[PDB]
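Reviewing the structure listed below.
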Amino acid sequence: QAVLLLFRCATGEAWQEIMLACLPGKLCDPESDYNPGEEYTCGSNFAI
Amino acid sequence: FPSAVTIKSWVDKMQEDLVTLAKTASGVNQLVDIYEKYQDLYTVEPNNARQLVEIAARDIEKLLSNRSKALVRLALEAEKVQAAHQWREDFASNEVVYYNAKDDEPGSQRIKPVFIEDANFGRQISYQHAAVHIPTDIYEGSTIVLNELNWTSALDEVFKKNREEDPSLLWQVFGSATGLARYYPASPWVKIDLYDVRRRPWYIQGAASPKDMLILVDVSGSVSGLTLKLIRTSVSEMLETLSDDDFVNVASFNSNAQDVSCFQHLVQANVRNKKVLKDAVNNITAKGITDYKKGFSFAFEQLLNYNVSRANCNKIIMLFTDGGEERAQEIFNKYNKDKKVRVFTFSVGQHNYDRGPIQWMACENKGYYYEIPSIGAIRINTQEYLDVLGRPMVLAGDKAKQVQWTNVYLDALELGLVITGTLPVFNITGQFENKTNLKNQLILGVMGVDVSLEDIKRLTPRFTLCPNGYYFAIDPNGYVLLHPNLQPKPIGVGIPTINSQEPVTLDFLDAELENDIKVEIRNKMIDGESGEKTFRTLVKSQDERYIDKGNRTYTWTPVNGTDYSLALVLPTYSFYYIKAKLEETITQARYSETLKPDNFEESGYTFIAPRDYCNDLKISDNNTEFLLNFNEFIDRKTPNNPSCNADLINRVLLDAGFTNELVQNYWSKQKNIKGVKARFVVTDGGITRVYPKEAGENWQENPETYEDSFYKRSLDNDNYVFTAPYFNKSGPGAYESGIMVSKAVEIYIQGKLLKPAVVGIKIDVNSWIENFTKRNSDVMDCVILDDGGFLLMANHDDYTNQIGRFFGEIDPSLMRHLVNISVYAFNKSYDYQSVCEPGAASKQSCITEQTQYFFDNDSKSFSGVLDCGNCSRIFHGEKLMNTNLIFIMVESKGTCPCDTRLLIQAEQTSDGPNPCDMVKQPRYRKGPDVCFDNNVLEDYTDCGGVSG
Amino acid sequence: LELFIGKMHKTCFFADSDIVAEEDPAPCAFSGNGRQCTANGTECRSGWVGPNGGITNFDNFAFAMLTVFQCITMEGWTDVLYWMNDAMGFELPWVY
Amino acid sequence: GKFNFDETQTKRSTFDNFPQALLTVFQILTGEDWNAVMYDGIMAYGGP
Ligand SMILES: *[C@@H]1O[C@H](CO)[C@@H](O[C@@H]2O[C@H](CO)[C@@H](O[C@@H]3O[C@H](CO)[C@@H](O[C@@H]4O[C@H](CO)[C@@H](O)[C@H](O)[C@H]4NC(C)=O)[C@H](O)[C@H]3NC(C)=O)[C@H](O)[C@H]2NC(C)=O)[C@H](O)[C@H]1NC(C)=O
Ligand SMILES: *[C@@H]1O[C@H](CO)[C@@H](O[C@@H]2O[C@H](CO)[C@@H](O[C@@H]3O[C@H](CO)[C@@H](O)[C@H](O)[C@H]3NC(C)=O)[C@H](O)[C@H]2NC(C)=O)[C@H](O)[C@H]1NC(C)=O
Ligand SMILES: *[C@@H]1O[C@H](CO)[C@@H](O[C@@H]2O[C@H](CO)[C@@H](O)[C@H](O)[C@H]2NC(C)=O)[C@H](O)[C@H]1NC(C)=O
Ligand SMILES: *[C@@H]1O[C@H](CO)[C@@H](O[C@@H]2O[C@H](CO)[C@@H](O)[C@H](O)[C@H]2NC(C)=O)[C@H](O)[C@H]1NC(C)=O
Ligand SMILES: *[C@@H]1O[C@H](CO)[C@@H](O[C@@H]2O[C@H](CO)[C@@H](O)[C@H](O)[C@H]2NC(C)=O)[C@H](O)[C@H]1NC(C)=O
Ligand SMILES: C(=C\c1ccccc1)/CN1CCN(C(c2ccccc2)c2ccccc2)CC1
Ligand SMILES: *[C@@H]1O[C@H](CO)[C@@H](O)[C@H](O)[C@H]1NC(C)=O
Ligand SMILES: [Ca+2]
Ligand SMILES: [Ca+2]
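Protein chains in written order, with the numbering used here: chain A, 252 to 299; chain B, 24 to 971; chain C, 1416 to 1511; chain D, 310 to 357.
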């Protein structure tokens, strides 16, 4: 799936909209383990 | 087929069997003797119709004067307090303290009140302060809102001061032009919230005067797409700001101007008419080129009609378009040179067309220019035109401050049917030296005090009148402010098809059965003149199944503090009433002892009318327990009764003895009678007595005697009345209850006719069959019908199984021919407040058409032949004497196999009457005499351009 | 055409109704292999026009040729890929 | 003027006048969202 996303960006489909969706202020699934309360901390500024 | 003589004698035997059984078992003459036996426990008092109406009209005028005084005392403070306001622009330090409804703060502090529950209010309230309502689309904490939120805090003290003299005061509300509404007493607001105080009918009438609106809709090609959807929505949401005093019409133009509907001239814009225009608006398509000269020429011609009824007031043209390069200045210089017609122009949609000519059109003609880019701006831009129309009224001054009253409508805070007073509030800042005059020509808001219809009903007592007598007040427009047929439900229009904000405006001719004489009475009341008329009227029964004709007397006078007119309907035999006089201690204890639930085995099952005997005895709607509270109050209270009226308690106690003395002396001797299942006595005092305890469990009638359909019907008739049971397995009662027969007693005290009670029995159907037989023949059919064409005694077993059914649903061929030969007349009428199950294109309100059948000809013997296809069917019709029954014999339907359409007598959903032809000959009405428009001192220099 | 004809015709409406539940509908599983709507009170039946109003689909030769030409110009090809992922599954469409 | 069929929104890439036609043709040449304008033009003539 990551390789498919990278191919999508390589063809330049909506790469800027993918980039805008990886910023720090994002929700991530409860399946991953994290401290309760801080739920929107996942996501990084290095996406740009 | 037996001869006429042999069938006349056959029915002669049975009419003696039925009458004698009801005469003796019920004991009609025994009750008459009991009333005449004493003649000293009560006195006969006259019932002067002329005196009653003036007294009742004086109380309504006085009641509406307390609220009028509570409004001028409330609007004067608002004008003075606001003129002293300083317009602070920073509330972070001096926060505003207020209670905001619909809740559990940058520049405000919230209040948590106490919220005590009380009576005369369906909800929990608090007299400590006043709640504030702010619309969802209005941000609290803005400078405009916060400044208004300060100077209105001075209304709290005058809210309390108003309520101290009159503790019976309902909601007092101030609707500001900023959007917020502050009402007293504080109470929580009532899904999302869409209430805006500026769009309420009580706010709109005080904002401006009646108007002759005329909406011009651009249906050229350029408006196709999204901007047509907004035009149709803006027009629909703008007709919602038109009351019954405003006349509107809608036109469209695309190289040719035409009406969008069936009206062709200005119509009254009531609930029904506005539905037609609204339906016709969501049908228009965009096509063609734009022609403004033809559109405006057609619009200016309808405003100058003067043949039809109009408002003779504000004349305004509304232009819903997008943009163009045509100014049409040659038309405005021809049709309105004196600027007697305002032109408001709306530019709707997202576009780049020239709005210059649209802006210029609204500036020369004292109008205003509005922008509606999206749906969010539709609701607010379609109500700001009342700021322009209120300009001449502000400059009038003290002569424009007149209290007005709305149409009857349902209160927003779930209070029931109410009417609201109205009085505008003006800017006064700088008026002492008369130097500002810039924003001073726009109203601050509207003041209002609610009056409930139950408040008015307490000023017109009806328990000294006959159950057929009632008060009914009218309106200039003809609608009823007070009527027994007015229900707390919205009036329906059309048919509800699926794939409360409107007022309850019920016309007088729609409340009861229309008549040529009654139209004259309605017109004489509208123009405000007293009078009186006695005439024969045919009256619909309480249950919409029978029609009976009896003499009535209408007495009306105008309530000439306000513009209402009060009338009192009063039949004959009710100009006198039984007034109870009794102060002896032991004669009331014995009478009250008859009300004990324990000894029903010796006095019969007893019901009590839930009247307001005393203020501390709450109505229960149970009667099983309510009687327990009533009689336990009698022995636990001093018989002097200083807090509640003895007149309403002396009557019920006096009727308690009379009903019991019939049971003990007469009914007790005959424990069981072959043809009798129950015996009941219903009196004017308000009690019912069913002798058998077991048979007293089947009494499904209303405990209140004034609401009993058979009681009211038996007074009009001078003979035994047979009431057919219901059908469709509507609970129990078909065989185990019986057939109800009633006969009102008539007493002559001093040459005066009086009908204080009714008596009757319940004839068992199974034992009546045995008498009737002395059977299931395939070649002959014999049925008995009452006044209304309902089966009461059949012959074919299966026919008897479907007892109490309309004859047209079991033998349509015979019933239709009966109507033609003039034995069963019928009169159709509409019910505008009804709820019906919707069909295809829970439940919704709708109009349902009612049909009632009754005896047309006085003649008793009928005969003839009906032809239903190559066959000859003969029948004989004889009517029972001293009874509303008719016996019909005809040979069975098997001989002639024909079956036409069924004739239904039921609450059938309809959409009529047609509104396209009612506007051709509308009912008479009188418009308001106040007309505030075309003032020379008006500025109107801010057309649409200073704002952008 | 050979692999898939008329697979993008099943969006999840409301129960016992004819109105699409979502504002941007996507196909269900054709045979219970792709995507299933699990919204409270939703079910899907073959009575949907298509993703782009019926313009983008593989149920005709002209429609298939238009879709192929649209995808070969690297314009909206991922949209068709994801719609076929919703319809069929996650194994066949990515190769095509 | 045939791009007024949606009735729910206003479309920016149209052929309403000469400047907008030039902008839309340039956008089609660059290849960005040319299929969206093609769909709009197809639905302007009735549909699929
Ligand atoms: C009854 O009438 C009186 C006067 O006839 C009226 O009081 C007047 O209220 C206005 C506010 O609308 C005051 O205007 C002052 O001057 C300007 C004009 O708005 C304001 O400055 C900015 O104005 C822009 C609009 O152009 C506005 O968007 C912005 O928020 C304002 N503030 C900024 C940019 O900081 C002033 O703030 C405003 N107030 C001052 C200077 O204190 C008039 O001064 C008022 N006139 C008098 C004599 O007091 C009153 O509102 C009317 N009643 C009601 C209910 O509206
Ligand atoms: C708009 O809001 C203003 C502030 O929220 C109100 O102004 C304040 O009103 C208080 C009481 O009315 C004043 O308190 C007293 O004022 C009198 C002068 O009349 C003096 O004795 C003192 O200043 C003071 N007394 C005390 C504190 O014991 C405030 O002075 C006054 N101003 C402020 C707080 O800045 C306005 O009343 C209000 N407008 C309306 C119409 O209610
Ligand atoms: C309506 O107003 C009139 C007068 O304004 C009231 O007429 C009174 O009628 C009685 C008897 O007919 C006279 O004794 C009074 O003298 C009249 N009043 C005056 C001022 O002359 C009439 O009562 C008012 N309507 C009601 C319902 O009270
Ligand atoms: C009613 O309106 C019409 C036109 O809107 C007025 O014009 C007259 O119409 C009647 C026939 O309908 C005729 O007398 C003439 O054809 C018209 N002119 C004149 C001078 O009468 C009409 O005056 C209005 N009023 C009435 C009572 O018809
Ligand atoms: C109620 O019913 C009566 C009886 O059918 C109707 O009035 C009759 O109308 C016919 C023709 O329309 C006349 O020939 C009769 O003379 C009328 N009888 C009357 C006036 O007593 C009509 O449907 C209703 N009448 C009302 C409401 O007054
Ligand atoms: C699309 C290629 C593509 C781009 C991003 C992502 C995926 C494919 C096709 N072509 C379209 C035209 N463009 C260029 C272009 C550059 C060189 C030669 C021809 C065209 C263009 C378009 C309009 C105006 C100036 C320049 C170059 C690419
Ligand atoms: C209010 O109206 C009543 C009549 O309904 C009247 O008796 C009374 O004087 C009026 N005023 C007050 C303050 O009660
Ligand atoms: Ca792209
Ligand atoms: Ca145009």
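Even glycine gets a Cβ: it sits at the ideal position worked out from N, Cα and C.
Residue state for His-819(B) is assigned as coil, using DSSP reduced to three classes.
Positions of the beta strand (DSSP E) runs, each at least 3 residues long and wholly inside the segment 708-756 of chain B, are given as 710-713, 744-746 in order along the chain. For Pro-594(B), there is no enclosing alpha helix (DSSP H); the residue is found in the beta strand (DSSP E) stretching over 588-594. With the criterion set as a beta carbon lying under 9 Å from some beta carbon of chain D, the segment 1444-1456 of chain C has no members that meet it. Residue range 119-123 is occupied by the beta strand (DSSP E) that includes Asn-123(B), with no alpha helix (DSSP H) assigned at that position. Around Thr-1493(C), the beta-carbon contacts reaching into chain A at under 7 Å are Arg-259, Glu-264. As for any beta strand (DSSP E) of minimum length 3 sitting wholly inside the segment 211-270 of chain B, the runs are 234-241, ordered along the chain. Taking the Cα positions, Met-341(B) is about 20 Å away from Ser-332(B). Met-1499(C) sits buried, since 16 or more C-beta atoms from the chains shown fall within 10 Å of its C-beta. In the DSSP secondary-structure assignment, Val-888(B) is bridged to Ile-897(B).
Judged by their CB atoms, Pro-526(B) and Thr-429(B) are nearer to each other than the 9 Å cut-off.
Taking a Cβ-Cβ threshold of 7 Å, the residues of chain D close to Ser-247(B) are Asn-313, in chain order. Rounded to the nearest whole angstrom, the CA to CA distance from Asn-574(B) to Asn-491(B) is 11 Å. DSSP links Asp-965(B) through a beta bridge to no other residue. At a cut-off of 4 residues, the continuous stretches assigned as alpha helix (DSSP H) that sit fully inside the segment 621-657 of chain B are 623-626. At a cut-off of 9 Å, the C-beta of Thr-333(D) has no neighbouring C-beta in chain B.
At least one heavy atom of ligand 4 sits closer than 8 Å to the Cβ of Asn-328(B). Put simply, the backbone Cα of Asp-956(B) is about 10 Å away from that of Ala-419(B).
The beta carbon of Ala-1479(C) lies closer than 7 Å to those of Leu-1416, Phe-1473 in the same chain, with the five residues before and after it left out. Distances from the CB of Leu-488(B) to the heavy atoms of ligand 5 are all 8 Å or more.
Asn-850(B) and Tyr-876(B) have their C-alpha atoms roughly 7 Å apart. For the set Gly-967(B), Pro-835(B), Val-806(B), the Cα lying nearest the Cα of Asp-821(B) is the one of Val-806(B).
Take the alpha-carbon of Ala-80(B) and the one of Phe-630(B): they are about 34 Å apart. Secondary structure of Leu-777(B) (DSSP, three-state): strand. The beta carbon of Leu-255(A) falls within 9 Å of a beta carbon belonging to chain C, placing the residue at that interface. Here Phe-1419(C) carries a coil assignment [DSSP, helix/strand/coil].
Here DSSP, grouped into helix, strand and coil, assigns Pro-69(B) to strand. Along the length of the segment 908-937 of chain B, whole beta strand (DSSP E) runs at least 3 residues long occupy 908-913, 931-933, reported in chain order. Taking 9 Å as the cut-off, the beta carbon of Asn-664(B) is found no closer than this to the beta carbon of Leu-618(B). Apart from the 5 residues on each side of it in sequence, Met-352(D) sits with its Cβ closer than 7 Å to the Cβ of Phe-314 in its chain, given in chain order.
When the five nearest sequence neighbours on each side are left out, the beta carbons in the same chain lying within less than 7 Å of the beta carbon of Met-261(B) are those of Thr-405, in order along the chain.
Taking C-alpha positions only, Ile-544(B) is separated from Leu-504(B) by approximately 16 Å. Relative to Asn-123(B), the option among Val-213(B), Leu-44(B), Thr-166(B), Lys-46(B) whose CA is nearest is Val-213(B).
Ranking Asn-522(B), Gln-723(B), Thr-923(B), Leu-289(B) by CA distance to the CA of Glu-832(B) puts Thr-923(B) first.
One finds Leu-249, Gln-373 in chain B with Cβ atoms closer than 7 Å to the Cβ of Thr-319(D), taken in chain order. Taken in chain order, the unbroken stretches of beta strand (DSSP E) that lie wholly in the segment 453-479 of chain B and span 3 residues or more are 466-475.
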